[PDB]
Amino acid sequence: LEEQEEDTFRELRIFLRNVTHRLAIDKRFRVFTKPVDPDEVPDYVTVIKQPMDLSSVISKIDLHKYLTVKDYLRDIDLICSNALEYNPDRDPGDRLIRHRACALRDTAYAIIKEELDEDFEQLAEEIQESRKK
């Protein structure tokens, strides 16, 4: 039996949860730690069809929705792109949130590039591919 594939996914999830935790406790990214509240931003749902935030990323780790770093960074990229699509550039608060969105993306990418073994990631990607096939 090849339970080694599951060992890969277990180690991936532990790594993803640790990365997400480090993003979620960074004061810069507090705005991305909870879903956008339509009571405070009533037009958000009219711009953004696929909302995403760091607490939802945690839930998706728990539910085994990330088999690859690519799948995970897709959701980090979604947090960023939603913020850049939704938020205008009209006052200093707008500029601040947009900068934090890019810094979230860049921080997640930099951590993964520094800390993630390339062969481990490729193995995860290719198990996902074998399971698709």
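In this text, residue numbers run from 1 along the sequence as written.
Tell me which stretch, 120 to 128 or 18 to 26, has the higher mean Cα B-factor listed in the entry. The entry gives the higher C-alpha B-factor average to 120 to 128.
In the PDB record, does 52 to 60 or 92 to 100 carry the higher mean Cα temperature factor? Stretch with the higher mean C-alpha B-factor: 92 to 100.
Sort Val45, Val69, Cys80, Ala108 by C-alpha B-factor from the entry and give me just the highest. Answer for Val45, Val69, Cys80, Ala108: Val69, with the highest C-alpha B-factor.
Thinking about Cα B factors across the chain, which third does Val36 belong to? Middle third by C-alpha B-factor.
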